[PDB]
>>> print(open('query-v4.txt').read())   # compact mmCIF, N, CA, C and O atoms
# COMPACT_ATOMS: atom_id res chain seq x y z
N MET U 1 16.02 5.66 -12.70
CA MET U 1 16.47 5.95 -11.35
C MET U 1 17.01 4.69 -10.67
O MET U 1 17.06 3.63 -11.28
N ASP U 2 17.39 4.86 -9.41
CA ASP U 2 17.92 3.74 -8.64
C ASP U 2 16.99 3.46 -7.46
O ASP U 2 16.48 4.39 -6.82
N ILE U 3 16.78 2.18 -7.20
CA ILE U 3 15.92 1.77 -6.10
C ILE U 3 16.68 0.79 -5.20
O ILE U 3 17.47 -0.02 -5.69
N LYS U 4 16.42 0.90 -3.91
CA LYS U 4 17.07 0.04 -2.94
C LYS U 4 16.02 -0.54 -1.99
O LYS U 4 15.38 0.20 -1.24
N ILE U 5 15.87 -1.86 -2.05
CA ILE U 5 14.90 -2.54 -1.21
C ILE U 5 15.38 -2.50 0.24
O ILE U 5 16.30 -3.22 0.62
N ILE U 6 14.73 -1.65 1.02
CA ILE U 6 15.07 -1.50 2.43
C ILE U 6 14.71 -2.78 3.17
O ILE U 6 15.60 -3.51 3.62
N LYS U 7 13.41 -3.02 3.29
CA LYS U 7 12.93 -4.21 3.98
C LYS U 7 11.62 -4.67 3.33
O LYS U 7 10.96 -3.89 2.63
N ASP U 8 11.29 -5.93 3.57
CA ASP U 8 10.08 -6.50 3.02
C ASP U 8 9.28 -7.17 4.14
O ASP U 8 9.67 -8.21 4.65
N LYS U 9 8.17 -6.53 4.49
CA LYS U 9 7.31 -7.05 5.54
C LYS U 9 6.18 -7.88 4.91
O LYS U 9 5.74 -7.59 3.80
N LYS U 10 5.76 -8.89 5.65
CA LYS U 10 4.70 -9.77 5.18
C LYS U 10 3.45 -9.57 6.05
O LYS U 10 3.57 -9.30 7.25
N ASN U 11 2.30 -9.71 5.42
CA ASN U 11 1.04 -9.55 6.13
C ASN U 11 -0.02 -10.45 5.48
O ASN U 11 -0.69 -10.05 4.53
N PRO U 12 -0.14 -11.69 6.04
CA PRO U 12 -1.10 -12.65 5.53
C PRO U 12 -2.52 -12.28 5.96
O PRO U 12 -3.49 -12.78 5.40
N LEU U 13 -2.60 -11.41 6.96
CA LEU U 13 -3.89 -10.96 7.47
C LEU U 13 -4.62 -10.18 6.38
O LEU U 13 -5.68 -10.61 5.91
N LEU U 14 -4.03 -9.06 6.00
CA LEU U 14 -4.62 -8.21 4.97
C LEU U 14 -4.36 -8.84 3.60
O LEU U 14 -5.07 -8.54 2.64
N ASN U 15 -3.35 -9.69 3.55
CA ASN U 15 -2.99 -10.35 2.31
C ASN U 15 -2.18 -9.40 1.44
O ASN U 15 -2.25 -9.45 0.21
N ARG U 16 -1.42 -8.54 2.11
CA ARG U 16 -0.59 -7.57 1.41
C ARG U 16 0.88 -7.73 1.81
O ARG U 16 1.23 -8.69 2.49
N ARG U 17 1.68 -6.77 1.39
CA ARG U 17 3.10 -6.79 1.70
C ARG U 17 3.65 -5.36 1.77
O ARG U 17 3.58 -4.62 0.80
N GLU U 18 4.18 -5.03 2.94
CA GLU U 18 4.74 -3.70 3.15
C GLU U 18 6.24 -3.70 2.83
O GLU U 18 7.05 -4.16 3.62
N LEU U 19 6.55 -3.18 1.65
CA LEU U 19 7.93 -3.11 1.21
C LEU U 19 8.41 -1.65 1.26
O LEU U 19 7.70 -0.75 0.81
N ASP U 20 9.60 -1.47 1.81
CA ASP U 20 10.18 -0.14 1.92
C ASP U 20 11.47 -0.08 1.10
O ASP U 20 12.22 -1.05 1.04
N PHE U 21 11.67 1.07 0.47
CA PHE U 21 12.85 1.28 -0.35
C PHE U 21 13.14 2.77 -0.53
O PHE U 21 12.32 3.61 -0.17
N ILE U 22 14.31 3.05 -1.08
CA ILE U 22 14.72 4.42 -1.32
C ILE U 22 14.97 4.63 -2.81
O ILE U 22 15.63 3.81 -3.45
N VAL U 23 14.43 5.72 -3.32
CA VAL U 23 14.58 6.05 -4.73
C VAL U 23 15.63 7.15 -4.89
O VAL U 23 15.55 8.19 -4.23
N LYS U 24 16.60 6.88 -5.75
CA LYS U 24 17.67 7.84 -6.00
C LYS U 24 17.75 8.13 -7.50
O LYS U 24 17.46 7.26 -8.32
N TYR U 25 18.14 9.36 -7.81
CA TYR U 25 18.27 9.77 -9.20
C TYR U 25 19.14 11.02 -9.32
O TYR U 25 19.54 11.61 -8.31
N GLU U 26 19.42 11.39 -10.56
CA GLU U 26 20.24 12.56 -10.82
C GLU U 26 19.55 13.48 -11.84
O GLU U 26 19.99 13.58 -12.98
N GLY U 27 18.49 14.12 -11.38
CA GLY U 27 17.74 15.02 -12.23
C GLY U 27 16.24 14.97 -11.90
O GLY U 27 15.87 14.74 -10.76
N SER U 28 15.44 15.20 -12.93
CA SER U 28 13.99 15.18 -12.76
C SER U 28 13.58 13.98 -11.91
O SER U 28 14.06 12.86 -12.13
N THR U 29 12.70 14.24 -10.96
CA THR U 29 12.21 13.20 -10.07
C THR U 29 11.45 12.14 -10.87
O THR U 29 10.79 12.45 -11.86
N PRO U 30 11.56 10.87 -10.40
CA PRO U 30 10.89 9.76 -11.05
C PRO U 30 9.39 9.77 -10.75
O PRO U 30 8.95 10.41 -9.79
N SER U 31 8.64 9.07 -11.58
CA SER U 31 7.20 8.99 -11.42
C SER U 31 6.83 7.71 -10.67
O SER U 31 7.43 6.66 -10.88
N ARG U 32 5.83 7.84 -9.80
CA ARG U 32 5.37 6.71 -9.02
C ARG U 32 5.18 5.48 -9.92
O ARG U 32 5.43 4.35 -9.49
N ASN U 33 4.74 5.75 -11.14
CA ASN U 33 4.52 4.68 -12.10
C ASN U 33 5.86 4.07 -12.50
O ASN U 33 5.98 2.85 -12.65
N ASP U 34 6.84 4.94 -12.67
CA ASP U 34 8.18 4.51 -13.06
C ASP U 34 8.76 3.64 -11.94
O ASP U 34 9.36 2.60 -12.21
N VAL U 35 8.58 4.11 -10.72
CA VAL U 35 9.09 3.39 -9.56
C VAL U 35 8.33 2.07 -9.41
O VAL U 35 8.93 1.03 -9.11
N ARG U 36 7.03 2.15 -9.63
CA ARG U 36 6.18 0.97 -9.52
C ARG U 36 6.64 -0.10 -10.51
O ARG U 36 6.86 -1.25 -10.12
N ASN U 37 6.76 0.30 -11.76
CA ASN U 37 7.19 -0.62 -12.80
C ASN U 37 8.56 -1.19 -12.45
O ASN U 37 8.85 -2.35 -12.71
N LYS U 38 9.38 -0.33 -11.84
CA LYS U 38 10.72 -0.73 -11.45
C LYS U 38 10.62 -1.82 -10.37
O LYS U 38 11.22 -2.89 -10.51
N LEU U 39 9.87 -1.51 -9.33
CA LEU U 39 9.69 -2.44 -8.23
C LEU U 39 9.05 -3.73 -8.76
O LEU U 39 9.57 -4.82 -8.55
N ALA U 40 7.92 -3.55 -9.44
CA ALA U 40 7.21 -4.68 -10.01
C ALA U 40 8.19 -5.58 -10.77
O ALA U 40 8.07 -6.80 -10.75
N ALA U 41 9.14 -4.93 -11.42
CA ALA U 41 10.14 -5.65 -12.19
C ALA U 41 11.16 -6.28 -11.23
O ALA U 41 11.63 -7.39 -11.47
N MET U 42 11.46 -5.54 -10.18
CA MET U 42 12.41 -6.02 -9.18
C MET U 42 11.85 -7.23 -8.43
O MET U 42 12.55 -8.23 -8.26
N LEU U 43 10.61 -7.10 -8.00
CA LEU U 43 9.95 -8.18 -7.27
C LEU U 43 9.21 -9.08 -8.26
O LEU U 43 8.50 -10.00 -7.86
N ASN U 44 9.41 -8.79 -9.54
CA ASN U 44 8.77 -9.57 -10.59
C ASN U 44 7.31 -9.81 -10.22
O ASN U 44 6.77 -10.89 -10.46
N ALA U 45 6.70 -8.78 -9.64
CA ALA U 45 5.31 -8.87 -9.23
C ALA U 45 4.46 -7.98 -10.14
O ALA U 45 5.00 -7.15 -10.88
N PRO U 46 3.12 -8.18 -10.06
CA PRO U 46 2.19 -7.40 -10.86
C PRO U 46 2.05 -5.98 -10.32
O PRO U 46 2.12 -5.77 -9.11
N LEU U 47 1.84 -5.04 -11.23
CA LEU U 47 1.69 -3.65 -10.86
C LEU U 47 0.33 -3.46 -10.17
O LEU U 47 0.26 -2.87 -9.09
N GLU U 48 -0.70 -3.97 -10.82
CA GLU U 48 -2.05 -3.87 -10.28
C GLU U 48 -2.06 -4.23 -8.80
O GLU U 48 -2.76 -3.60 -8.00
N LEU U 49 -1.28 -5.25 -8.46
CA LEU U 49 -1.19 -5.71 -7.09
C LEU U 49 -0.26 -4.78 -6.31
O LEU U 49 -0.41 -4.62 -5.09
N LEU U 50 0.68 -4.19 -7.03
CA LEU U 50 1.64 -3.28 -6.42
C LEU U 50 1.01 -1.89 -6.30
O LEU U 50 0.47 -1.36 -7.27
N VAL U 51 1.10 -1.34 -5.10
CA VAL U 51 0.54 -0.02 -4.83
C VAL U 51 1.57 0.82 -4.08
O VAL U 51 2.47 0.27 -3.43
N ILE U 52 1.41 2.13 -4.18
CA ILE U 52 2.32 3.05 -3.51
C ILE U 52 1.53 3.89 -2.51
O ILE U 52 0.55 4.54 -2.87
N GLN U 53 1.99 3.86 -1.27
CA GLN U 53 1.34 4.62 -0.21
C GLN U 53 1.50 6.12 -0.46
O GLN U 53 0.51 6.85 -0.54
N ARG U 54 2.75 6.54 -0.57
CA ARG U 54 3.05 7.94 -0.80
C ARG U 54 4.57 8.16 -0.82
O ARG U 54 5.28 7.72 0.08
N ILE U 55 5.02 8.85 -1.86
CA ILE U 55 6.43 9.14 -2.01
C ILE U 55 6.75 10.48 -1.35
O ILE U 55 5.96 11.42 -1.43
N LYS U 56 7.92 10.54 -0.73
CA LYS U 56 8.35 11.75 -0.05
C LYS U 56 9.72 12.16 -0.59
O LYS U 56 10.70 11.43 -0.44
N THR U 57 9.76 13.33 -1.20
CA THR U 57 10.99 13.85 -1.76
C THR U 57 11.71 14.74 -0.74
O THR U 57 11.08 15.54 -0.05
N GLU U 58 13.02 14.56 -0.67
CA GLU U 58 13.83 15.34 0.26
C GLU U 58 14.20 16.69 -0.35
O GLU U 58 13.86 16.96 -1.51
N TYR U 59 14.88 17.50 0.44
CA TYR U 59 15.30 18.82 -0.01
C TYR U 59 16.71 18.78 -0.59
O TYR U 59 17.67 18.49 0.12
N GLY U 60 16.80 19.07 -1.88
CA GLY U 60 18.08 19.07 -2.57
C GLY U 60 18.94 17.89 -2.11
O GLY U 60 20.12 18.07 -1.80
N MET U 61 18.33 16.72 -2.07
CA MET U 61 19.03 15.52 -1.66
C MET U 61 18.95 14.44 -2.74
O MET U 61 19.42 13.32 -2.53
N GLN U 62 18.36 14.81 -3.86
CA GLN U 62 18.22 13.89 -4.98
C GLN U 62 17.91 12.48 -4.46
O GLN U 62 18.64 11.54 -4.75
N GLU U 63 16.82 12.39 -3.71
CA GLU U 63 16.40 11.12 -3.16
C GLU U 63 14.95 11.20 -2.68
O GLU U 63 14.58 12.14 -1.98
N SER U 64 14.18 10.20 -3.07
CA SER U 64 12.78 10.14 -2.69
C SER U 64 12.42 8.74 -2.21
O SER U 64 12.82 7.75 -2.82
N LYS U 65 11.67 8.69 -1.12
CA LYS U 65 11.26 7.42 -0.55
C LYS U 65 9.73 7.30 -0.64
O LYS U 65 9.03 8.30 -0.69
N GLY U 66 9.27 6.05 -0.66
CA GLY U 66 7.85 5.79 -0.75
C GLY U 66 7.55 4.31 -0.48
O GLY U 66 8.16 3.43 -1.08
N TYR U 67 6.61 4.09 0.43
CA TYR U 67 6.23 2.74 0.80
C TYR U 67 5.24 2.16 -0.22
O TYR U 67 4.27 2.81 -0.59
N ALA U 68 5.53 0.93 -0.65
CA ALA U 68 4.69 0.26 -1.61
C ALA U 68 3.98 -0.92 -0.94
O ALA U 68 4.46 -1.44 0.07
N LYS U 69 2.85 -1.29 -1.51
CA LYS U 69 2.07 -2.39 -0.97
C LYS U 69 1.92 -3.48 -2.04
O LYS U 69 1.26 -3.27 -3.06
N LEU U 70 2.54 -4.62 -1.77
CA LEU U 70 2.49 -5.73 -2.70
C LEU U 70 1.43 -6.74 -2.22
O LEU U 70 1.48 -7.20 -1.09
N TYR U 71 0.50 -7.04 -3.12
CA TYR U 71 -0.56 -7.98 -2.80
C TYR U 71 -0.43 -9.25 -3.64
O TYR U 71 0.19 -9.25 -4.70
N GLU U 72 -1.03 -10.32 -3.12
CA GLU U 72 -0.99 -11.60 -3.81
C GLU U 72 -2.13 -11.71 -4.81
O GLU U 72 -2.05 -12.47 -5.78
N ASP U 73 -3.18 -10.93 -4.56
CA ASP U 73 -4.34 -10.92 -5.43
C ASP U 73 -5.04 -9.57 -5.32
O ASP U 73 -4.95 -8.89 -4.30
N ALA U 74 -5.74 -9.22 -6.39
CA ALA U 74 -6.47 -7.96 -6.43
C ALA U 74 -7.77 -8.10 -5.64
O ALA U 74 -8.20 -7.16 -4.97
N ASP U 75 -8.37 -9.28 -5.76
CA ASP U 75 -9.62 -9.55 -5.07
C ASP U 75 -9.49 -9.14 -3.60
O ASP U 75 -10.44 -8.65 -3.00
N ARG U 76 -8.29 -9.36 -3.06
CA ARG U 76 -8.03 -9.02 -1.68
C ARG U 76 -7.87 -7.51 -1.52
O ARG U 76 -8.46 -6.91 -0.62
N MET U 77 -7.08 -6.93 -2.41
CA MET U 77 -6.84 -5.50 -2.38
C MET U 77 -8.16 -4.72 -2.35
O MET U 77 -8.25 -3.68 -1.71
N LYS U 78 -9.14 -5.27 -3.05
CA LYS U 78 -10.45 -4.64 -3.10
C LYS U 78 -11.14 -4.77 -1.74
O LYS U 78 -11.49 -3.76 -1.13
N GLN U 79 -11.30 -6.01 -1.31
CA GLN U 79 -11.93 -6.28 -0.03
C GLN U 79 -11.20 -5.54 1.09
O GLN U 79 -11.83 -5.00 2.00
N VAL U 80 -9.88 -5.54 0.99
CA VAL U 80 -9.05 -4.88 1.99
C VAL U 80 -9.39 -3.39 2.02
O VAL U 80 -9.60 -2.82 3.09
N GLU U 81 -9.44 -2.80 0.83
CA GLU U 81 -9.75 -1.39 0.71
C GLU U 81 -11.25 -1.16 0.91
O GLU U 81 -11.71 -0.02 0.97
N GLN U 82 -11.98 -2.26 1.01
CA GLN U 82 -13.42 -2.20 1.20
C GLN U 82 -13.76 -2.24 2.70
O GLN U 82 -14.92 -2.15 3.08
N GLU U 83 -12.72 -2.39 3.50
CA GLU U 83 -12.89 -2.45 4.94
C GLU U 83 -13.10 -1.05 5.51
O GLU U 83 -13.79 -0.88 6.52
N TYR U 84 -12.49 -0.08 4.85
CA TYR U 84 -12.60 1.31 5.28
C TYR U 84 -13.77 2.00 4.57
O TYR U 84 -13.76 3.23 4.42
N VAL U 85 -14.74 1.20 4.16
CA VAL U 85 -15.90 1.73 3.48
C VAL U 85 -17.15 1.47 4.33
O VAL U 85 -18.26 1.84 3.94
N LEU U 86 -16.92 0.84 5.47
CA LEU U 86 -18.01 0.53 6.38
C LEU U 86 -17.68 1.08 7.77
O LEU U 86 -17.24 0.33 8.64
N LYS U 87 -17.91 2.37 7.93
CA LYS U 87 -17.64 3.03 9.20
C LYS U 87 -18.88 3.80 9.65
O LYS U 87 -19.63 4.31 8.81
N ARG U 88 -19.07 3.86 10.96
CA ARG U 88 -20.21 4.57 11.52
C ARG U 88 -19.74 5.77 12.34
O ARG U 88 -18.54 5.94 12.58
N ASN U 89 -20.70 6.58 12.75
CA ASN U 89 -20.40 7.76 13.54
C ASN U 89 -21.67 8.25 14.24
O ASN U 89 -21.92 9.45 14.32
N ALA U 90 -22.45 7.29 14.71
CA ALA U 90 -23.69 7.60 15.39
C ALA U 90 -24.18 6.37 16.16
O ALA U 90 -23.84 5.24 15.81
N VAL U 91 -24.97 6.62 17.19
CA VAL U 91 -25.50 5.55 18.01
C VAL U 91 -26.29 4.58 17.12
O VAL U 91 -26.97 5.00 16.19
N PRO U 92 -26.16 3.26 17.45
CA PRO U 92 -26.85 2.23 16.69
C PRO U 92 -28.34 2.21 17.02
O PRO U 92 -28.87 3.17 17.58
N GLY U 93 -28.98 1.10 16.67
CA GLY U 93 -30.40 0.94 16.93
C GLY U 93 -30.66 0.71 18.42
O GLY U 93 -30.21 1.48 19.26
N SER U 94 -31.39 -0.36 18.70
CA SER U 94 -31.72 -0.70 20.08
C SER U 94 -31.71 -2.22 20.25
O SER U 94 -30.82 -2.90 19.75
N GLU U 95 -32.71 -2.71 20.98
CA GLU U 95 -32.83 -4.13 21.23
C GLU U 95 -34.19 -4.45 21.85
O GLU U 95 -34.66 -3.74 22.73
N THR U 96 -34.79 -5.53 21.36
CA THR U 96 -36.09 -5.95 21.85
C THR U 96 -36.56 -7.20 21.10
O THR U 96 -36.51 -7.25 19.87
N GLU U 97 -37.02 -8.17 21.87
CA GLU U 97 -37.50 -9.42 21.30
C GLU U 97 -38.46 -10.11 22.27
O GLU U 97 -38.27 -10.05 23.48
N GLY U 98 -39.47 -10.76 21.70
CA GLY U 98 -40.45 -11.46 22.50
C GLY U 98 -41.78 -11.58 21.75
O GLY U 98 -42.10 -10.74 20.91
N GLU U 99 -42.52 -12.63 22.08
CA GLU U 99 -43.81 -12.86 21.46
C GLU U 99 -44.83 -13.33 22.50
O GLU U 99 -44.74 -12.97 23.67
N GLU U 100 -45.79 -14.12 22.03
CA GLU U 100 -46.82 -14.64 22.90
C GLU U 100 -47.85 -15.44 22.10
O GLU U 100 -48.01 -15.21 20.90
N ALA U 101 -48.52 -16.35 22.79
CA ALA U 101 -49.52 -17.18 22.15
C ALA U 101 -49.93 -18.30 23.11
O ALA U 101 -49.19 -19.26 23.31
>>> encode(input="query-v4.txt", output="structure tokens")
Amino acid sequence: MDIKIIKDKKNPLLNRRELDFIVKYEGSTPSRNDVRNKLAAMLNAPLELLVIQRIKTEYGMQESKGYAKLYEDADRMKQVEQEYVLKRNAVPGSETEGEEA
């Protein structure tokens, strides 16, 4: 298929990279893996570090778009994805301190 690098956003905070592009083809739709390998090859970056948010195929437009996430390290990708693993949904404890003697 054909890929077009729309824009490349940087994020040193999360340690990732928001890259946008458009996938074009003439027949059977491409596989996220195919696109990934393509991008990884395009950005000469690692696949493991390269991730795809979600591809969206148009209607009889022979074109699919999908945002990818390029990371500098996997260690980060883990911790980053480990941030949404610590969420609450209930009142916390309380508070109290003091002694004597």
>>> closest_residue(input="query-v4.txt", among="U:101, U:77, U:5, U:23", to="residue U:61", atoms="all atoms listed in the file")
U:23
>>> atom_distance(input="query-v4.txt", atom1="atom O of residue U:20", atom2="atom O of residue U:72")
19.5 Å
>>> atom_distance(input="query-v4.txt", atom1="atom CA of residue U:40", atom2="atom CA of residue U:64")
17.4 Å
>>> select_by_dssp(input="query-v4.txt", residues="chain U", states="strand (DSSP E)", output="NGL selection string")
:U and (2-11 or 16-24 or 50-57 or 63-70)
>>> write_last_selection(input="query-v4.txt", atoms="N, CA, C and O atoms", output="short mmCIF file (atom, residue, chain, number, x, y, z; two decimals), keeping the file's coordinate frame")
data_model
loop_
_atom_site.label_atom_id
_atom_site.label_comp_id
_atom_site.auth_asym_id
_atom_site.auth_seq_id
_atom_site.Cartn_x
_atom_site.Cartn_y
_atom_site.Cartn_z
N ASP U 2 17.39 4.86 -9.41
CA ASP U 2 17.92 3.74 -8.64
C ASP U 2 16.99 3.46 -7.46
O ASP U 2 16.48 4.39 -6.82
N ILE U 3 16.78 2.18 -7.20
CA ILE U 3 15.92 1.77 -6.10
C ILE U 3 16.68 0.79 -5.20
O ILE U 3 17.47 -0.02 -5.69
N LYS U 4 16.42 0.90 -3.91
CA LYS U 4 17.07 0.04 -2.94
C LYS U 4 16.02 -0.54 -1.99
O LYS U 4 15.38 0.20 -1.24
N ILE U 5 15.87 -1.86 -2.05
CA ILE U 5 14.90 -2.54 -1.21
C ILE U 5 15.38 -2.50 0.24
O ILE U 5 16.30 -3.22 0.62
N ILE U 6 14.73 -1.65 1.02
CA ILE U 6 15.07 -1.50 2.43
C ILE U 6 14.71 -2.78 3.17
O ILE U 6 15.60 -3.51 3.62
N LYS U 7 13.41 -3.02 3.29
CA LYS U 7 12.93 -4.21 3.98
C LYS U 7 11.62 -4.67 3.33
O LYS U 7 10.96 -3.89 2.63
N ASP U 8 11.29 -5.93 3.57
CA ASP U 8 10.08 -6.50 3.02
C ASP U 8 9.28 -7.17 4.14
O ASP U 8 9.67 -8.21 4.65
N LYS U 9 8.17 -6.53 4.49
CA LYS U 9 7.31 -7.05 5.54
C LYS U 9 6.18 -7.88 4.91
O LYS U 9 5.74 -7.59 3.80
N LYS U 10 5.76 -8.89 5.65
CA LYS U 10 4.70 -9.77 5.18
C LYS U 10 3.45 -9.57 6.05
O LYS U 10 3.57 -9.30 7.25
N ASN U 11 2.30 -9.71 5.42
CA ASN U 11 1.04 -9.55 6.13
C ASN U 11 -0.02 -10.45 5.48
O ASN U 11 -0.69 -10.05 4.53
N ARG U 16 -1.42 -8.54 2.11
CA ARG U 16 -0.59 -7.57 1.41
C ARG U 16 0.88 -7.73 1.81
O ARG U 16 1.23 -8.69 2.49
N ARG U 17 1.68 -6.77 1.39
CA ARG U 17 3.10 -6.79 1.70
C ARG U 17 3.65 -5.36 1.77
O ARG U 17 3.58 -4.62 0.80
N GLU U 18 4.18 -5.03 2.94
CA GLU U 18 4.74 -3.70 3.15
C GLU U 18 6.24 -3.70 2.83
O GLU U 18 7.05 -4.16 3.62
N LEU U 19 6.55 -3.18 1.65
CA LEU U 19 7.93 -3.11 1.21
C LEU U 19 8.41 -1.65 1.26
O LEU U 19 7.70 -0.75 0.81
N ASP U 20 9.60 -1.47 1.81
CA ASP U 20 10.18 -0.14 1.92
C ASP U 20 11.47 -0.08 1.10
O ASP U 20 12.22 -1.05 1.04
N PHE U 21 11.67 1.07 0.47
CA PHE U 21 12.85 1.28 -0.35
C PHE U 21 13.14 2.77 -0.53
O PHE U 21 12.32 3.61 -0.17
N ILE U 22 14.31 3.05 -1.08
CA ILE U 22 14.72 4.42 -1.32
C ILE U 22 14.97 4.63 -2.81
O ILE U 22 15.63 3.81 -3.45
N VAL U 23 14.43 5.72 -3.32
CA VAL U 23 14.58 6.05 -4.73
C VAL U 23 15.63 7.15 -4.89
O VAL U 23 15.55 8.19 -4.23
N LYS U 24 16.60 6.88 -5.75
CA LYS U 24 17.67 7.84 -6.00
C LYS U 24 17.75 8.13 -7.50
O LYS U 24 17.46 7.26 -8.32
N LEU U 50 0.68 -4.19 -7.03
CA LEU U 50 1.64 -3.28 -6.42
C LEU U 50 1.01 -1.89 -6.30
O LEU U 50 0.47 -1.36 -7.27
N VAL U 51 1.10 -1.34 -5.10
CA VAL U 51 0.54 -0.02 -4.83
C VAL U 51 1.57 0.82 -4.08
O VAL U 51 2.47 0.27 -3.43
N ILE U 52 1.41 2.13 -4.18
CA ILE U 52 2.32 3.05 -3.51
C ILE U 52 1.53 3.89 -2.51
O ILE U 52 0.55 4.54 -2.87
N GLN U 53 1.99 3.86 -1.27
CA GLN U 53 1.34 4.62 -0.21
C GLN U 53 1.50 6.12 -0.46
O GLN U 53 0.51 6.85 -0.54
N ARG U 54 2.75 6.54 -0.57
CA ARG U 54 3.05 7.94 -0.80
C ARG U 54 4.57 8.16 -0.82
O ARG U 54 5.28 7.72 0.08
N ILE U 55 5.02 8.85 -1.86
CA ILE U 55 6.43 9.14 -2.01
C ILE U 55 6.75 10.48 -1.35
O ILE U 55 5.96 11.42 -1.43
N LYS U 56 7.92 10.54 -0.73
CA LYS U 56 8.35 11.75 -0.05
C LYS U 56 9.72 12.16 -0.59
O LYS U 56 10.70 11.43 -0.44
N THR U 57 9.76 13.33 -1.20
CA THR U 57 10.99 13.85 -1.76
C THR U 57 11.71 14.74 -0.74
O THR U 57 11.08 15.54 -0.05
N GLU U 63 16.82 12.39 -3.71
CA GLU U 63 16.40 11.12 -3.16
C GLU U 63 14.95 11.20 -2.68
O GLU U 63 14.58 12.14 -1.98
N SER U 64 14.18 10.20 -3.07
CA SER U 64 12.78 10.14 -2.69
C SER U 64 12.42 8.74 -2.21
O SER U 64 12.82 7.75 -2.82
N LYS U 65 11.67 8.69 -1.12
CA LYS U 65 11.26 7.42 -0.55
C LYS U 65 9.73 7.30 -0.64
O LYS U 65 9.03 8.30 -0.69
N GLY U 66 9.27 6.05 -0.66
CA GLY U 66 7.85 5.79 -0.75
C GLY U 66 7.55 4.31 -0.48
O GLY U 66 8.16 3.43 -1.08
N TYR U 67 6.61 4.09 0.43
CA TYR U 67 6.23 2.74 0.80
C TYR U 67 5.24 2.16 -0.22
O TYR U 67 4.27 2.81 -0.59
N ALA U 68 5.53 0.93 -0.65
CA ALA U 68 4.69 0.26 -1.61
C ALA U 68 3.98 -0.92 -0.94
O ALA U 68 4.46 -1.44 0.07
N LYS U 69 2.85 -1.29 -1.51
CA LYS U 69 2.07 -2.39 -0.97
C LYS U 69 1.92 -3.48 -2.04
O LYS U 69 1.26 -3.27 -3.06
N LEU U 70 2.54 -4.62 -1.77
CA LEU U 70 2.49 -5.73 -2.70
C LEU U 70 1.43 -6.74 -2.22
O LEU U 70 1.48 -7.20 -1.09
#
>>> closest_residue(input="query-v4.txt", among="U:16, U:24, U:87, U:10", to="residue U:62", atoms="all atoms listed in the file")
U:24
>>> atom_distance(input="query-v4.txt", atom1="atom N of residue U:31", atom2="atom C of residue U:65")
11.1 Å
>>> closest_residue(input="query-v4.txt", among="U:27, U:71, U:32, U:80", to="residue U:46", atoms="all atoms listed in the file")
U:71
>>> select_by_dssp(input="query-v4.txt", residues="stretch 64-101 of chain U", states="alpha helix (DSSP H)", output="VMD selection string")
chain U and resid 74 to 81
